[PDB]
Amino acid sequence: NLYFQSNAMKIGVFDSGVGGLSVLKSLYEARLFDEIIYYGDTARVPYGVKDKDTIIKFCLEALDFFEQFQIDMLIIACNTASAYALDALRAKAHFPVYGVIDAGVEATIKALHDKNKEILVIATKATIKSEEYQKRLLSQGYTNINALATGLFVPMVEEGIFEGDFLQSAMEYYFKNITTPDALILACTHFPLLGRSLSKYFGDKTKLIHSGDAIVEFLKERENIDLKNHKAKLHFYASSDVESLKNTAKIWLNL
């Protein structure tokens, strides 16, 4: 006879490239889903230095890619995509689509629970320029905020630079004459890879807000998700050299 997917929770995760694995890791370890389809646009990455129209266009193409999979919802792991493409994605999609920005703001408010505390948001140029984090935080009365583009962190992470003198110099470059924040929002998929180094740089007064952990808490509240028995079945796709993506995933997720 014939069986089709019954009660199985299958979702898509989209990112501009490999960075989004940091979000995949959180979703995977949280045991929320039975199956996850990851797609990274590695042929065209990065998005963070490009313009709104291009970013939106690329995301809508990604939505097209996913429509062959019958997913229950789509997570936009990419902070840059989350900053620009959500309206357009939702207008087209007939399943829920969630980005990581709202979640990250919510996580920051839970961590600080004091609108007077200092927040530093670090992200790509496009994300900062969107003013999405700034507007959300301001609308909640959190006005003690700095928003800084720390663009070089993206290719440094891709080159495997997670500590050392060169990374210290990049941190000094971006953070010179910056006040030490009470919370640092890692508003870019690549930035958790630098978390240990960022925390050492700023010291123990600074709480790091991880976008992947944030979206996990957000999803548990917004959707009806029972914890699953096993880890999800993972499928990886990429617009270029998918084997490299899988390799990085095996390392980052300890598969």
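So that there is no doubt, residue numbering starts at 1 and follows the sequence shown.
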{"item": "Mean C-alpha B-factor comparison - 73 to 81 and 172 to 180, higher one", "value": "172 to 180"}
{"item": "Entry-level comparison of average CA B-factors, 10 to 18 and 228 to 236, reporting the higher stretch", "value": "228 to 236"}
{"item": "Candidate set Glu35, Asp41, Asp213, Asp51 [ranked by C-alpha B-factor, highest]", "value": "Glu35"}
{"item": "Identity of residue with top Cα B-factor, from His94, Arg136, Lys110, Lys115", "value": "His94"}
{"item": "B-factor third for the C-alpha atom of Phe191 within its chain", "value": "lowest"}
{"item": "B-factor third for the C-alpha atom of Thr143 within its chain", "value": "highest"}
{"item": "Ranked C-alpha temperature factor of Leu208 among modelled chain residues, by third", "value": "lowest"}
{"item": "Assigned third (lowest, middle, highest) for the C-alpha B factor of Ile55", "value": "middle"}
{"item": "Record-listed C-alpha B factor of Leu27: chain third", "value": "middle"}
